[PDB]
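Peer 1: Take this sequence and fold it.
(one chain, ligands or ions: 3)
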Amino acid sequence: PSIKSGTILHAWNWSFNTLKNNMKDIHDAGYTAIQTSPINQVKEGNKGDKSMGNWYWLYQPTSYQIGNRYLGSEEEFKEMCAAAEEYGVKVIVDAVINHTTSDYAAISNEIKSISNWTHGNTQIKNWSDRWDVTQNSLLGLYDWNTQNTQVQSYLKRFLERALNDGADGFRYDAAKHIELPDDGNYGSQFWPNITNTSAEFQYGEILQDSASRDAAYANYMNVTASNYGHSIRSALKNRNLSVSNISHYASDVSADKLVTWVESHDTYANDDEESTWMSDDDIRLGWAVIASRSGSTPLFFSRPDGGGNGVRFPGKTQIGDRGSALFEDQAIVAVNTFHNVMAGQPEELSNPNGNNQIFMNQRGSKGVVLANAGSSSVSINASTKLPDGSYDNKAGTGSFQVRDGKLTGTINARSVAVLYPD
Ligand SMILES: [Ca+2]
Ligand SMILES: [Ca+2]
Ligand SMILES: [Ca+2]
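Peer 2: Numbering: from 1, shown residues only. Ligands and ions are numbered 1, 2, ... in the order given. There you are, the coordinates:
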């Protein structure tokens with residue numbers, strides 16, 4: 001359909017070649033698009049070691065030439081895009097345009113030659129201060145002088161360059177740190193200008209807070225429902241999927257301009273290990289919830305192979321390799337497919353039998369998704385607009401029935417179910 005209407009696979013740290021080789025499986029998994037990690041030239045710290053723990057170097061730009069030791073060359077990037085188009089899957093590039101590396105010496109002359117190119121590296125002091133948040137340095141990373149139209153064309157040239165290479169959209173890293181046109185005496189035309197390209201879909205990483213200004217950003221790009229991420233995760237921890245907690249996106253921005261997730265590479269990879277505790281079953285349930293929804297765009301996070309249950313980096317693989325096979329898990333795919341065929345259809349959330357451990361989403365009268373966070377099997381019996389018949393769970397074993405407007409059958413413990421007519 002369209003990137004916005006489908007699901008995105010976050011091929012976190014997958015190399016271009018790795019991505020190119022899994023394009024058919026990616027497509028058969030049900031994703032409309034994939035999101036790469038930064039594709040520009042970065043500081044390859046720790047002598048370029050590929051240990052997963054070094055994942056953060058991909059966020060310290062040194063030059064805006066395409067290519068780096070972690071994901072491959074620009075040539076391989078173009079091949080990857082091409083391979084994706086053969087199966088109709090779109091490519092979204094993680095763009096780190098708010099800052100560069102903190103290592104001044106590592107920064108290429110290419111950018112240093114741009115006079116008045118940076119706001120400096122004076123680390124933010126007040127996270128409630130929009131001026132400080134957007135005009136100063138994040139963690140010491142030199143801040144681009146985005147008001148300077150010369151840096152604008154330089155960065156926009158990179159974006160257009162990637163578009164030409166096959167990229168179909170962008171994910172703006174630390175978008176919240178680039179000022180908006182209406183940010184008073186320190187605002188600029190950075191966003192109206194750089195978002196003005198042939199890109200099909202673009203959203204910014206906007207970690208919600210008192211100074212995030214979500215809705216303002218929503219006028220130029222889609223935005224991340226980070227708070228909703230906390231609700232989902234929290235619901236998964238307590239194994240309580242009460243529709244009284246997980247049906248509100250916790251944002252002033254409406255779902256049609258929202259990019260959702262169960263977790264983000266940041267909540268997983270950082271030393272805080274905020275979402276690292278979850279298991280694959282937690283993910284399936286979490287995915288069944290957010291990806292059954294309408295309007296919003298789910299972003300599936302491909303964890304390092306073997307990672308999970310508190311463990312960020314097991315050591316099985318390294319930067320460049322593919323993540324766990326969870327991205328093509330029967331349960332996950334079934335939901336991906338659901339999401340796609342249900343586009344347009346409205347949604348109706350609820351908890352069957354008043355049991356808060358059972359989640360049920362009803363898309364129009366075409367489909368139904370069930371999630372049971374509980375550890376005990378449950379006999380569902382509830383209202384549905386599905387025509388009468390015998391539906392087999394596409395997410396796994398089992399079957400369900402609909403007799404005179406009532407959905408009945410069994411939803412096993414810690415399981416997901418996807419129902420709809422062939
Ligand atoms: Ca900034
Ligand atoms: Ca393309
Ligand atoms: Ca750990």
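Peer 1: And the next helix or strand past the longest strand along the chain?
Peer 2: Determined from DSSP state E, the single longest strand within the chain is strand 61-68. Counting by DSSP states H and E, the next helix or strand C-terminal to strand 61-68 is strand 72-73.
Peer 1: any idea which helix or strand comes after that next one?
Peer 2: Toward the C-terminal end, the helix or strand that comes next after strand 72-73 (DSSP H and E) is helix 74-86.
Peer 1: Buried residues, that following helix. List them.
Peer 2: By neighbour count on 16 or more other C-beta atoms under 10 Å, the buried set for helix 74-86 is 74, 76-81, 83-84. C-beta coordinates here come from the backbone N, C-alpha and C atoms, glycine included.
Peer 1: so can I have JSON lines of the residues you listed showing distance to ligand 1?
Peer 2: Shown next, in JSON lines, are the buried residues of helix 74-86 (distance: C-beta to the ion, whole Å):
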{"residue": "74", "distance to ligand 1": "27"}
{"residue": "76", "distance to ligand 1": "31"}
{"residue": "77", "distance to ligand 1": "27"}
{"residue": "78", "distance to ligand 1": "30"}
{"residue": "79", "distance to ligand 1": "34"}
{"residue": "80", "distance to ligand 1": "30"}
{"residue": "81", "distance to ligand 1": "29"}
{"residue": "83", "distance to ligand 1": "35"}
{"residue": "84", "distance to ligand 1": "32"}
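Peer 1: Contacts for stretch 171-188 next, please.
Peer 2: The contact list for stretch 171-188 (C-beta atoms under 8 Å, 6 or more residues apart in numbering) reads 35, 38, 59, 92-99, 130-131, 133-135, 138, 143-144, 146-147, 189-192, 202-207, 211-213, 216-217, 220-221, 223.
Peer 1: Show only the entries of those found in helices.
Peer 2: Cross-referencing the contacts of stretch 171-188 against helices under DSSP state H gives 130-131, 133-135, 190-192, 216-217.
Peer 1: now, which of these lie close to ligand 1?
Peer 2: Near ligand 1, judged by C-beta under 5 Å from the ion, the entries from the ones in helices among the contacts of stretch 171-188 are residue 134.
Peer 1: Need the nearest residue in space to the most centrally placed residue in the chain, chain neighbours excluded.
Peer 2: Centroid check for the chain by C-alpha atoms, centre = their mean gives residue 299 as the closest residue, at 3.3 Å. Nearest non-adjacent residue to residue 299, counting by C-beta to C-beta, 6 or more residues apart in numbering: residue 261, 4.5 Å away.
Peer 1: Roughly how far does the one you found sit from residue 302?
Peer 2: Using C-beta to C-beta, to the nearest Å, residue 261 is found at 12 Å from residue 302.
Peer 1: Residue 331 against residue 394, yeah?
Peer 2: No. Using C-beta atoms under 8 Å, residue 331 is not in contact with residue 394; the gap is 9.1 Å.
Peer 1: Give me the more crowded residue out of these two.
Peer 2: residue 331 (24 against 20; other C-beta atoms under 10 Å).
Peer 1: Just list the residues touching the more buried one, thanks.
Peer 2: 284, 287-288, 395-396, 415-416.
Peer 1: Convert the C-alpha atoms of the host helix or strand of it to PDB, please.
Peer 2: Residue 331 belongs to helix 330-341 when assigned by DSSP H and E. Taking C-alpha atoms only, helix 330-341 is exported to PDB below (Å, rounded to 0.1, in the frame of the first residue of the first chain):
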ATOM      1  CA  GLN A 330       4.800 -16.800  12.500                       C
ATOM      2  CA  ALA A 331       3.100 -14.700  15.100                       C
ATOM      3  CA  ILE A 332       4.800 -11.500  14.100                       C
ATOM      4  CA  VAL A 333       4.200 -12.000  10.300                       C
ATOM      5  CA  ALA A 334       0.500 -13.000  10.900                       C
ATOM      6  CA  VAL A 335       0.100  -9.600  12.500                       C
ATOM      7  CA  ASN A 336       2.000  -7.800   9.800                       C
ATOM      8  CA  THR A 337      -0.200  -9.400   7.200                       C
ATOM      9  CA  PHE A 338      -3.300  -8.500   9.300                       C
ATOM     10  CA  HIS A 339      -2.200  -4.900   9.600                       C
ATOM     11  CA  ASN A 340      -1.800  -4.600   5.800                       C
ATOM     12  CA  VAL A 341      -5.100  -6.100   4.800                       C
END
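Peer 1: How far away from the center of its chain is that helix?
Peer 2: In terms of C-alpha atoms, centre = their mean, to the nearest Å, the centre of helix 330-341 is set 16 Å apart from its chain centre.
Peer 1: Give the buried residues for it.
Peer 2: For helix 330-341, a neighbour-count test (16+ other C-beta under 10 Å) marks 331-340 as buried.
Peer 1: got a markdown table for the residues you listed, with distance to ligand 2 too?
Peer 2: Compiled in a markdown table, those are given as follows (distance: C-beta to the ion, whole Å):
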| residue | distance to ligand 2 |
| --- | --- |
| 331 | 29 |
| 332 | 24 |
| 333 | 22 |
| 334 | 26 |
| 335 | 25 |
| 336 | 20 |
| 337 | 22 |
| 338 | 25 |
| 339 | 21 |
| 340 | 19 |
